[PDB]
Amino acid sequence: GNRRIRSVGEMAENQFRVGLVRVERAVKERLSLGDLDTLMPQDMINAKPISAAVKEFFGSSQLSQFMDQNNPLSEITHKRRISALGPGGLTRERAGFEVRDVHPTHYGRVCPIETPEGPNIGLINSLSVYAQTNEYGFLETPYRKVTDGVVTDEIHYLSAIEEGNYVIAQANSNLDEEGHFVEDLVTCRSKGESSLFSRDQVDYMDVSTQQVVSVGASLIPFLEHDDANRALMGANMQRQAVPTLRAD
Amino acid sequence: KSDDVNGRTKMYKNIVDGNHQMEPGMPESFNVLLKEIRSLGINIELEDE
Amino acid sequence: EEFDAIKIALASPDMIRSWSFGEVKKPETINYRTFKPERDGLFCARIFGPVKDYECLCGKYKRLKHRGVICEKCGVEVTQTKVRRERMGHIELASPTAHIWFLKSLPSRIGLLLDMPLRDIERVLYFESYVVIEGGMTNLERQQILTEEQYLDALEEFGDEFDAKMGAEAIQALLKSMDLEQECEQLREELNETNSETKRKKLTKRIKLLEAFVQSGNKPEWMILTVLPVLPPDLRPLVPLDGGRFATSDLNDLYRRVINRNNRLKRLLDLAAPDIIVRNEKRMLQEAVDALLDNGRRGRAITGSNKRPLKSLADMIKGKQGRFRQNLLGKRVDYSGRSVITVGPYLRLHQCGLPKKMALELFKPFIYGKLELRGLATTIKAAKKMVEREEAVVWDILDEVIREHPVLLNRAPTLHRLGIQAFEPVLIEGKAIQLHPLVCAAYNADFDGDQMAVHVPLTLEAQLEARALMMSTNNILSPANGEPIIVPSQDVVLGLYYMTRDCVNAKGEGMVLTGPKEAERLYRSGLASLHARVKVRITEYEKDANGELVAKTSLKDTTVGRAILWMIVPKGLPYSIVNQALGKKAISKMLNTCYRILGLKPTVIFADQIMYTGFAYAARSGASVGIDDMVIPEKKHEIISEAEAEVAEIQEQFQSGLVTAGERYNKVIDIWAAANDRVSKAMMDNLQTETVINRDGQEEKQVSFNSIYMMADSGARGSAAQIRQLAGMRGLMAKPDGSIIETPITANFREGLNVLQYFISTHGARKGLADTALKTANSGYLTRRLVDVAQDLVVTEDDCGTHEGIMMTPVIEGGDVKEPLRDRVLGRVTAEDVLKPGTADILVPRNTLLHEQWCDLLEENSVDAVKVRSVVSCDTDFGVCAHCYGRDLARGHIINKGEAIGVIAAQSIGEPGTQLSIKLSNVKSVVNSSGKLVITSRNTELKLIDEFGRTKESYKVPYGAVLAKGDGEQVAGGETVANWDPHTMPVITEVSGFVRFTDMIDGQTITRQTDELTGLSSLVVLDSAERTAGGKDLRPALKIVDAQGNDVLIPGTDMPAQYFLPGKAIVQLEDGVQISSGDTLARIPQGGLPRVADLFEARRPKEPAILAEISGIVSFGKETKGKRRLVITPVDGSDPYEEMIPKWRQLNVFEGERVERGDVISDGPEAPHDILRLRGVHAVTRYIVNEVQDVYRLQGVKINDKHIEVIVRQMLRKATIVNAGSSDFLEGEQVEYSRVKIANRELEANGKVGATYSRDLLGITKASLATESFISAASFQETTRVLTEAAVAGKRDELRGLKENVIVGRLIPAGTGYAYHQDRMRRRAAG
Amino acid sequence: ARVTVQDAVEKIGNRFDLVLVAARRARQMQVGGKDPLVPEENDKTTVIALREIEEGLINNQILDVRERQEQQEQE
Amino acid sequence: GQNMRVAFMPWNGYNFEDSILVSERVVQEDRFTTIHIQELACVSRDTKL
Amino acid sequence: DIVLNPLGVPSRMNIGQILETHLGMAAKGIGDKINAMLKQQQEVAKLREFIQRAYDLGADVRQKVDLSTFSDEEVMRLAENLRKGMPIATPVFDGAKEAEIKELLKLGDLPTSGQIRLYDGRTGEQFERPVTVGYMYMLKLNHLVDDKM
Amino acid sequence: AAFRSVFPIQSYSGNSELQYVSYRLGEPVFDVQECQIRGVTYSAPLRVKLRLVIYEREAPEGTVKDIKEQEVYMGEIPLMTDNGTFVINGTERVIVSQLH
RNA sequence: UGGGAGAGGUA
Ligand SMILES: [Mg+2]
Ligand SMILES: [Zn+2]
Ligand SMILES: [Zn+2]
């Protein structure tokens, strides 16, 4: 809830604004002293600073990356990537362990088992499968609203701070007859931690069992029987697989 | 095998001559270092004995 | 090219003019239409030499026949273009400018010279203010800074008498006018009357700087540049890109800026410019020269086009990407290549599979040589086409060349010396190197994509060095410990375990066999199994007293597999090493036993045969992994439901509110820990004895044949925790901050976790996964610092002949022995004979290397401790002797001389950083009236002696404790017989009598009030902070007296026993009660790799255990201060020596005790500076060695202790003079300890006073920077400061060390270069 | 010593001057063309020199008295 | 990738430490054969000569 | 086709390797039986019955496929695409249990424990223990010795 | 939003100002495959209508003196294809989202 | 030829 997402449209809007003030200063200077009857807008508006700034951004920013194109999973995981570095963000050499950890609010917004395994480990993340943004840029994930024990099919996208108030059921909790829970002491998570709760106290439920993991981490069969250190490397190494002669 | 020019030319032609023996000298990166500490206005020199 | 020193000093303007070849006068580099340099430019050919090889610029003189000829049309001499990287220019500066190093590299070297503030110096150089130089009147004193208003009024006042200038010319006039000898005499006579310590240390700084100047011969005005040298153009080249546009050379940009501003200053000075414009131009020239020398130092960094700061000369020297650390201490190399490694399990121990294309490329001049020597190629174009077409005769020549030519195989990072090893190549088809599977533990090389580098050695010296030193059949044992590194790993181990297991009714059991060949025939034909118990006739050879082998044949009770393995066990070993189920430890002990009994070649052949038989029989085993082999215990639901009932009961108790959240959390943590260990024990039992079902009489139990259990039990791969997470329960997973979560993961990896349990475990997964990256960064930095502190330490002598040493005792800290005496002393050399009555009165003589049988002699006679020599007490200056280092652990025999033991020690320490009866001593104690021994001394500890004379148990008895038993009698074990007050410390008196509340006022000295919870009137004493007006000068003293009031007496002394007690000592007793002799009166309440780094960097902790300086009576110092002050009154000497103690620091010893030198007076971690200063060299070695070996023994890492002693000896190389002798060592300055010992040696030779020193424990970084060699210090760290101080002091490196002879390029003084270097020493000495 | 040189180390006493004396003997066989006292077995001159050292035909002082007697018979 | 018939057993040390032994039918049937297209350029420039 | 090492499993604790091997053995067994029926050219009713039995096999699974609406050309096309092995979905944290894996192995006439008895290729002898044999999904990463050498 | 953040702009005195009317984007000169073949970026021309008025400072409030409305060309912006990538100088790039 | 940045990856 303290870290929003500054995407490509916002970044290119800001670089356009930088080029626009860099040319607005000069056109105000020209309009201050120049002639008036024959002064067109065309010869005083110069397309050099705006195009130069936006081409500099799109060609050589720290977030304008040469796309990985090994397989389709490589490109789609690159296009759903989240970088803590860049202009305005952190730096790789002077980041501690606290920014490189799995915060409990990553449940459903950021994958905990897909990241690089070098000096880039907590600083490059991956968007989860159902994760969205707000209009403000905070990550949100969908939940099914339960009412009087009846888990409905109404879907609410809860942001990072809104879900910290309610008790949200696990997706591995049992349902029947499109009704209610089959047990009383049901697991839930609330205010960070995760403890046992009653079957009527619950406020929400996860929309699916693959809500936590990303795209590439949800192609691994029997992922729940894997250690996380090896599941991370499997999700990494799927993106380096060359396409062979006959698909299988 | 590195930045000693006469040593590496003589080593190549000594190996082709069948005589595996080197005669080494000063690496050229040390002369680069001497010229850079001299260009910092600091007289460094190999004192002869 | 012969030289024996490298000498640095400051550069004269005539010196820079003498290096010069012509003045650069115009800022143009080259013409850009025609790529030709300009006349007198930055690239000029008339100054810096011609461009083409043996041409002029105008192309008239083209041939070599005009070898050195100055042309006429252009004036550029035709010669080699090699001279463009040797010929420097110069720039005559239009005004003097200051050198940035001797102005900002702190200490400032000019504010230390003139004793001026750096703010005032920069305010003069910045043209902001004047400074007077000479005052003819008395009103003005020298080095006084005037503002411009003061300058104008003094200028109209005095007219012409004084002269104040401004800028770098003023400072150059000051340095030219000062008088160093008179200033040194004035400061030396000032140092007599100087009582202030800060003025004394500042004066010693200035005096040593002046003395360094007058002994070096530098003039002090050469810190102000007037001529500026210019780097040669081939050392700052113009690199064209591909698109016809040259690349930005930052040195060319900065030089061009200096030339532009200097030409403009010349034009302004000629044009009679106004003073504001002239001063602004001079300031711009000064900052441009400062940017060129060191860009990002004074102001903002001058940036280039891409908004990066420009590179300067100090950037080219300093840094990890600098000239030193990137091109002198390690560089790129020819005859080298790399590829991916694979397994060659068909190789011997000295072979690597090298691809054909790789070896053909690496060995091309050898192929040309053999092509000439065989006559198949006469012209070089013919030989080129023959090698390029890859003829079969060329492959025959390559197989002849490769034959008996070792190659070096290396895998980054080279954490220790066994990451480079010489192999003989086999030419294989393919593109991947084939590593032997036994050296993979030394290389740390698994086959998931690791790459390795081949390095061909060329000379016969290099080939024989690779054969006799670095061959993989010479490196059998580690240098770190003595253990072997050629150990079977997991597949050899699984195969040998499966071969030497046993069954009960396998196939053909109970047969009687003629021998191992018949057992092999039986198993191969299939008439028996590998585990069937048989009766084999076995002949084994044992060594006699002399080196012969006699046989003795018998009938054993083995399986078939142990008989088969006996065919490869060589002659000399017993059968008991093969008669059990061999795991990893048993196999490595078999290899070590074979080594110590037989030698090197039988161990090599035995390790290869072990590898082949283990691989073949693991292939024959078929041991797979399936989903049924991880058998879950059936009782898992029962234990989980019982712990669920327990947590429901504790949660119900919290609902009842009789328990709080903290005790609920702690209780549920203990409940789930007990449940986890019970389900782990049930899983391990049902897994390890699952094959109860057997036959031939009954159902007889046996060790299991489960696959997962065999991999776990053989030591091949796995452990109890990992098998627990596979089959039983996952366990208690922690939060990212380190707290434990009250519900655990109760599913294993066979059932599979849910979403929440996987999300819980990802915390610890990413914690470990980021921890590996940050720990390998810190491990690499620590290994670099250790190698650079201990690079020059070579064994240079054979025996120093000293009698010092360390008393190695078995570490008995805790309730157990950690390392026994055999492991702690095996391989040392005795500093003295063993002298005990003991059990047999053993005498082993002095200066004997303790072998294995000598360690067994120490075992069988149960010797307690032995003083052996160490490297920290070697009397050899400039190195150590061989006898104070003892056994070379990589070889086993005694160490030779010319060995880089410091590099071996530093690699051995920094390599596992990625893996990161009753007896009393110090008896001062009395008995109470209850017949029990109370303790009144804080430094007492109890030692349970045994019947054999050793100390197999030790404990520290707390202060305020009491002992139930006595001393010397047989103590019933199994219980800590003493009892202590663990929470509050009492104030026990040892003298009897009735208490009278004298020397105190109840209401003034204490706060007179009953205690708030008991109701009974108590004496709570308020501290010295909140005292009354009369409490600031006196303290409450509980004077224990007689029945009528006379003060009782300390027995033995004259001190009348009144006890000053401090605050927070709650006296519950009132007056009139009887106090015994031995009862109380009141009560007073109370990463590992960073630990290794903090112990080696000698970093002081924030709360040190304050130590008592001398022996005497401890009292309190000056009271009514915020920091309480302490003074110890000696019984013989004078000590008003005070110490400030902070607010929240307690006191362990009160104000009425007798303390000794080195007594702890406050709890906390000790500081090794204080440990050295108050307790000596052997004390600080024992502290550092035990404190590092604590961490290394915790993480299972076995390192010998002579390596840590080598590093401590390199830390202890400095001595400060406290009383001067008869040499010119004044007071309190750090000098080299070996030079001080040599000076005192010659002083006792010629019969004089001698000097008194004191050792200084420096950290690794401080010692490796304060080494007496500026090349090593500059190539380690802080190159700017090191070169600045060395250039000022005028030093010279004598090239005595490994780093200097690596940088310059000669043979190192180690190994095979030791003979040549001592040859050079005797040549330049006896010459 | 095509496998290991511990026998030649047991002959001399110190691996470093073993490397130096084997280098001098290998240079006398490769450059000088002096006769290998051990049969060749189609080997490189370094392994022939190490074989001669391990057999015990040459040493440092043996090589010095050999080159000294060559200098005496020529000059 | 492709679906491979996999046996879990040690085979003569040829899968020692994360190594893989592959049949020759996987190389015959061309299952893991990949195509690698590579672009080389040649620029005709206007030299001043 | 590929011989992997069993000693890489119980230290790294990736048991999805072993479960994917067993489920791939079951899937390839179903594909072998469909290929046998197609090569013998049995009928459309036999194919419809067997493919339906393989489809509605799980415990209480959510997929309901019914070949009654499938016309015969579509059943022949489906059997042709299934003749190399029936593909099996398994969502993350919603997997197939070992009971369902063993049920599919029992349908495919294969061993229930997952392990068969293998013979040595060279000596012709037999490995003394049953060896886990199945069908993992292997990838070819872009770190090739043509580029590293 | 970026146009309204800076427009309008007055003079150093206030005798003229520049009003923004509307912007539009022209058709790209090449399709995506043509840019990937030719080695040029895949962009579009940015054409924006502006309004230039002149305040008659000789008058008290001289609003209308000269009204110019021509089409101005303010550089280029590279478009995003139908898969979320950008083609910059013929090569294919991806602008990764940031978490600040 | 060959220098510097930035990005990603392997052990
Ligand atoms: Mg590896
Ligand atoms: Zn000429
Ligand atoms: Zn000595």
# chains A, B, ... in the order shown; residues from 1 in each chain; ligands from 1
$ select_by_dssp --residues "chain G" --states "helix (DSSP H, G or I)" --output "number ranges by chain"
G: 32-38
$ write_last_selection --atoms "C-alpha atoms" --output "PDB file, in the first residue's frame"
ATOM      1  CA  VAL G  32       5.265  -3.157 -37.929  1.00  0.00           C
ATOM      2  CA  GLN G  33       6.842  -5.726 -40.245  1.00  0.00           C
ATOM      3  CA  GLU G  34       8.117  -2.944 -42.504  1.00  0.00           C
ATOM      4  CA  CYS G  35       9.828  -1.235 -39.566  1.00  0.00           C
ATOM      5  CA  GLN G  36      11.312  -4.540 -38.395  1.00  0.00           C
ATOM      6  CA  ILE G  37      12.654  -5.117 -41.916  1.00  0.00           C
ATOM      7  CA  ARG G  38      13.953  -1.615 -42.637  1.00  0.00           C
TER       8      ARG G  38
END
$ residues_near_ligand --ligand "ligand 1" --cutoff "12 Å" --atoms "only C-alpha atoms (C1' of nucleotides) and all ligand atoms" --output "PyMOL selection string"
(chain C and resi 340-342+411-413+440-441+443-452) or (chain E and resi 17-19) or (chain H and resi 10-11)
$ write_last_selection --atoms "N, CA and C atoms (P, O5', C5', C4', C3', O3' and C1' of nucleotides)" --output "PDB file, in the first residue's frame"
ATOM      1  N   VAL C 340      32.373 -25.935 -21.170  1.00  0.00           N
ATOM      2  CA  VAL C 340      31.572 -26.582 -20.137  1.00  0.00           C
ATOM      3  C   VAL C 340      32.229 -27.896 -19.750  1.00  0.00           C
ATOM      4  N   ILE C 341      32.147 -28.265 -18.482  1.00  0.00           N
ATOM      5  CA  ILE C 341      32.714 -29.530 -18.039  1.00  0.00           C
ATOM      6  C   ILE C 341      31.633 -30.596 -17.995  1.00  0.00           C
ATOM      7  N   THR C 342      32.053 -31.848 -18.177  1.00  0.00           N
ATOM      8  CA  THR C 342      31.192 -33.015 -18.031  1.00  0.00           C
ATOM      9  C   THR C 342      31.911 -34.038 -17.169  1.00  0.00           C
ATOM     10  N   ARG C 411      38.579 -23.117 -12.131  1.00  0.00           N
ATOM     11  CA  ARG C 411      37.149 -22.817 -12.087  1.00  0.00           C
ATOM     12  C   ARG C 411      36.911 -21.696 -11.093  1.00  0.00           C
ATOM     13  N   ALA C 412      36.355 -20.591 -11.565  1.00  0.00           N
ATOM     14  CA  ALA C 412      36.133 -19.409 -10.751  1.00  0.00           C
ATOM     15  C   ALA C 412      34.919 -19.606  -9.850  1.00  0.00           C
ATOM     16  N   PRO C 413      34.975 -19.160  -8.587  1.00  0.00           N
ATOM     17  CA  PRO C 413      36.074 -18.450  -7.933  1.00  0.00           C
ATOM     18  C   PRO C 413      37.102 -19.381  -7.318  1.00  0.00           C
ATOM     19  N   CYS C 440      36.076 -33.116  -8.108  1.00  0.00           N
ATOM     20  CA  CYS C 440      34.939 -32.212  -8.109  1.00  0.00           C
ATOM     21  C   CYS C 440      34.621 -31.675  -6.726  1.00  0.00           C
ATOM     22  N   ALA C 441      35.069 -32.343  -5.669  1.00  0.00           N
ATOM     23  CA  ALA C 441      34.889 -31.785  -4.338  1.00  0.00           C
ATOM     24  C   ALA C 441      35.892 -30.680  -4.071  1.00  0.00           C
ATOM     25  N   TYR C 443      37.260 -28.757  -6.570  1.00  0.00           N
ATOM     26  CA  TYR C 443      36.857 -27.656  -7.430  1.00  0.00           C
ATOM     27  C   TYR C 443      35.516 -27.045  -7.059  1.00  0.00           C
ATOM     28  N   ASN C 444      34.725 -27.719  -6.215  1.00  0.00           N
ATOM     29  CA  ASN C 444      33.313 -27.402  -5.955  1.00  0.00           C
ATOM     30  C   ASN C 444      32.509 -27.364  -7.251  1.00  0.00           C
ATOM     31  N   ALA C 445      32.761 -28.325  -8.124  1.00  0.00           N
ATOM     32  CA  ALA C 445      32.242 -28.304  -9.485  1.00  0.00           C
ATOM     33  C   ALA C 445      31.238 -29.432  -9.693  1.00  0.00           C
ATOM     34  N   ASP C 446      29.955 -29.125  -9.579  1.00  0.00           N
ATOM     35  CA  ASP C 446      28.923 -30.018 -10.075  1.00  0.00           C
ATOM     36  C   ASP C 446      28.662 -29.708 -11.539  1.00  0.00           C
ATOM     37  N   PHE C 447      27.951 -30.604 -12.205  1.00  0.00           N
ATOM     38  CA  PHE C 447      27.766 -30.486 -13.651  1.00  0.00           C
ATOM     39  C   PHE C 447      26.410 -29.921 -14.030  1.00  0.00           C
ATOM     40  N   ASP C 448      26.024 -28.747 -13.545  1.00  0.00           N
ATOM     41  CA  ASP C 448      24.799 -28.130 -14.025  1.00  0.00           C
ATOM     42  C   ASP C 448      25.073 -26.912 -14.879  1.00  0.00           C
ATOM     43  N   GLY C 449      26.240 -26.848 -15.505  1.00  0.00           N
ATOM     44  CA  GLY C 449      26.566 -25.730 -16.356  1.00  0.00           C
ATOM     45  C   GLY C 449      27.801 -24.985 -15.910  1.00  0.00           C
ATOM     46  N   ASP C 450      28.590 -25.583 -15.021  1.00  0.00           N
ATOM     47  CA  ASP C 450      29.841 -24.964 -14.613  1.00  0.00           C
ATOM     48  C   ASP C 450      30.837 -25.016 -15.751  1.00  0.00           C
ATOM     49  N   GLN C 451      31.578 -23.932 -15.925  1.00  0.00           N
ATOM     50  CA  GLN C 451      32.592 -23.846 -16.955  1.00  0.00           C
ATOM     51  C   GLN C 451      33.950 -23.723 -16.299  1.00  0.00           C
ATOM     52  N   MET C 452      34.979 -24.117 -17.037  1.00  0.00           N
ATOM     53  CA  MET C 452      36.330 -24.173 -16.511  1.00  0.00           C
ATOM     54  C   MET C 452      37.278 -23.677 -17.578  1.00  0.00           C
TER      55      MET C 452
ATOM     56  N   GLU E  17      26.917 -35.890 -10.875  1.00  0.00           N
ATOM     57  CA  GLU E  17      26.523 -34.744 -10.069  1.00  0.00           C
ATOM     58  C   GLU E  17      25.724 -33.831 -10.977  1.00  0.00           C
ATOM     59  N   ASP E  18      24.411 -34.062 -11.013  1.00  0.00           N
ATOM     60  CA  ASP E  18      23.474 -33.381 -11.905  1.00  0.00           C
ATOM     61  C   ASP E  18      23.874 -33.531 -13.366  1.00  0.00           C
ATOM     62  N   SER E  19      24.281 -34.724 -13.766  1.00  0.00           N
ATOM     63  CA  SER E  19      24.527 -34.998 -15.172  1.00  0.00           C
ATOM     64  C   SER E  19      23.395 -35.838 -15.734  1.00  0.00           C
TER      65      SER E  19
ATOM     66  P     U H  10      19.953 -17.496 -15.081  1.00  0.00           P
ATOM     67  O5'   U H  10      21.412 -18.075 -15.311  1.00  0.00           O
ATOM     68  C5'   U H  10      21.681 -18.984 -16.363  1.00  0.00           C
ATOM     69  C4'   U H  10      23.116 -19.439 -16.337  1.00  0.00           C
ATOM     70  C3'   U H  10      23.625 -19.965 -15.012  1.00  0.00           C
ATOM     71  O3'   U H  10      23.217 -21.286 -14.741  1.00  0.00           O
ATOM     72  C1'   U H  10      25.230 -18.533 -15.957  1.00  0.00           C
ATOM     73  P     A H  11      22.942 -21.723 -13.229  1.00  0.00           P
ATOM     74  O5'   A H  11      24.387 -21.922 -12.609  1.00  0.00           O
ATOM     75  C5'   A H  11      25.270 -22.906 -13.107  1.00  0.00           C
ATOM     76  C4'   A H  11      26.635 -22.759 -12.496  1.00  0.00           C
ATOM     77  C3'   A H  11      26.665 -22.678 -10.986  1.00  0.00           C
ATOM     78  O3'   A H  11      26.573 -23.951 -10.376  1.00  0.00           O
ATOM     79  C1'   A H  11      28.086 -21.027 -11.910  1.00  0.00           C
TER      80        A H  11
END
$ interface_residues --of "chain F" --to "chain C" --cutoff "7 Å" --atoms "only C-alpha atoms" --output "mmCIF file with N, CA, C and O atoms, in the first residue's frame"
data_model
loop_
_atom_site.group_PDB
_atom_site.id
_atom_site.type_symbol
_atom_site.label_atom_id
_atom_site.label_comp_id
_atom_site.auth_asym_id
_atom_site.auth_seq_id
_atom_site.Cartn_x
_atom_site.Cartn_y
_atom_site.Cartn_z
ATOM 1 N N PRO F 6 19.129 -40.627 -9.308
ATOM 2 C CA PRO F 6 18.184 -40.567 -8.195
ATOM 3 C C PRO F 6 18.716 -39.823 -6.997
ATOM 4 O O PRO F 6 17.925 -39.443 -6.128
ATOM 5 N N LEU F 7 20.023 -39.596 -6.918
ATOM 6 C CA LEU F 7 20.597 -38.921 -5.769
ATOM 7 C C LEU F 7 20.431 -37.414 -5.830
ATOM 8 O O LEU F 7 20.821 -36.730 -4.883
ATOM 9 N N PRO F 10 16.546 -36.422 -3.012
ATOM 10 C CA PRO F 10 16.202 -36.225 -1.601
ATOM 11 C C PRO F 10 17.033 -35.179 -0.885
ATOM 12 O O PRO F 10 16.920 -35.068 0.340
ATOM 13 N N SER F 11 17.873 -34.429 -1.583
ATOM 14 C CA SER F 11 18.505 -33.262 -0.991
ATOM 15 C C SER F 11 17.837 -31.968 -1.400
ATOM 16 O O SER F 11 17.849 -31.003 -0.633
ATOM 17 N N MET F 13 14.543 -31.891 -2.723
ATOM 18 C CA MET F 13 13.156 -32.040 -2.280
ATOM 19 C C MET F 13 12.165 -31.519 -3.313
ATOM 20 O O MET F 13 11.201 -30.832 -2.983
ATOM 21 N N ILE F 15 9.760 -33.225 -5.307
ATOM 22 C CA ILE F 15 9.074 -34.497 -5.525
ATOM 23 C C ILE F 15 8.054 -34.392 -6.653
ATOM 24 O O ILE F 15 7.510 -35.417 -7.104
ATOM 25 N N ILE F 18 9.154 -36.699 -9.382
ATOM 26 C CA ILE F 18 8.751 -38.100 -9.301
ATOM 27 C C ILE F 18 7.270 -38.260 -9.616
ATOM 28 O O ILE F 18 6.860 -39.223 -10.283
ATOM 29 N N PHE F 93 -1.505 -26.345 -6.741
ATOM 30 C CA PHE F 93 -2.192 -26.487 -5.452
ATOM 31 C C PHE F 93 -3.611 -27.034 -5.587
ATOM 32 O O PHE F 93 -4.431 -26.858 -4.684
ATOM 33 N N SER F 113 2.845 -49.339 -8.195
ATOM 34 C CA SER F 113 3.877 -48.641 -7.441
ATOM 35 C C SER F 113 4.747 -47.745 -8.306
ATOM 36 O O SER F 113 5.588 -47.023 -7.764
ATOM 37 N N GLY F 114 4.575 -47.774 -9.622
ATOM 38 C CA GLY F 114 5.282 -46.884 -10.506
ATOM 39 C C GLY F 114 6.572 -47.427 -11.060
ATOM 40 O O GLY F 114 7.134 -46.822 -11.975
ATOM 41 N N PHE F 127 18.852 -55.360 -13.309
ATOM 42 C CA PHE F 127 19.083 -54.548 -12.128
ATOM 43 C C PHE F 127 18.301 -55.117 -10.957
ATOM 44 O O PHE F 127 17.141 -55.503 -11.098
ATOM 45 N N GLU F 128 18.950 -55.171 -9.794
ATOM 46 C CA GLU F 128 18.445 -55.970 -8.686
ATOM 47 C C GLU F 128 17.222 -55.367 -8.015
ATOM 48 O O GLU F 128 16.558 -56.063 -7.243
ATOM 49 N N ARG F 129 16.916 -54.105 -8.272
ATOM 50 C CA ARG F 129 15.770 -53.429 -7.692
ATOM 51 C C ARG F 129 14.879 -52.875 -8.793
ATOM 52 O O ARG F 129 15.331 -52.677 -9.925
ATOM 53 N N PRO F 130 13.604 -52.629 -8.509
ATOM 54 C CA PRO F 130 12.753 -51.984 -9.509
ATOM 55 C C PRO F 130 13.078 -50.508 -9.639
ATOM 56 O O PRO F 130 13.316 -49.818 -8.648
ATOM 57 N N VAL F 131 13.070 -50.024 -10.877
ATOM 58 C CA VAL F 131 13.533 -48.684 -11.213
ATOM 59 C C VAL F 131 12.341 -47.851 -11.656
ATOM 60 O O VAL F 131 11.517 -48.313 -12.450
ATOM 61 N N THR F 132 12.248 -46.630 -11.134
ATOM 62 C CA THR F 132 11.179 -45.710 -11.503
ATOM 63 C C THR F 132 11.344 -45.276 -12.948
ATOM 64 O O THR F 132 12.329 -44.623 -13.296
ATOM 65 N N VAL F 145 27.117 -25.670 -25.773
ATOM 66 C CA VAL F 145 28.564 -25.769 -25.797
ATOM 67 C C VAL F 145 29.142 -25.212 -27.092
ATOM 68 O O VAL F 145 30.320 -24.840 -27.124
ATOM 69 N N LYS F 148 29.625 -21.824 -25.657
ATOM 70 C CA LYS F 148 30.543 -21.681 -24.537
ATOM 71 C C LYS F 148 31.972 -22.050 -24.901
ATOM 72 O O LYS F 148 32.904 -21.531 -24.285
ATOM 73 N N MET F 149 32.176 -22.927 -25.880
ATOM 74 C CA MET F 149 33.511 -23.440 -26.164
ATOM 75 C C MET F 149 34.365 -22.388 -26.854
ATOM 76 O O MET F 149 33.965 -21.824 -27.872
#
$ residues_near_ligand --ligand "ligand 2" --cutoff "12 Å" --atoms "only C-alpha atoms (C1' of nucleotides) and all ligand atoms" --output "list in words"
residues 45, 46, 50, 51, 52, 54, 55, 56, 57, 58, 59, 60, 61, 62, 63, 66, 69, 70, 71, 72, 73, 74, 75, 76, 77, 78 and 79 of chain C
$ closest_atom_pairs --of "chain B" --to "chain D" --cutoff "9 Å" --atoms "only C-alpha atoms" --output "CSV"
residue,atom,partner,partner_atom,distance
B:18,CA,D:30,CA,8.0
B:19,CA,D:31,CA,6.4
B:20,CA,D:30,CA,8.4
B:21,CA,D:27,CA,8.4
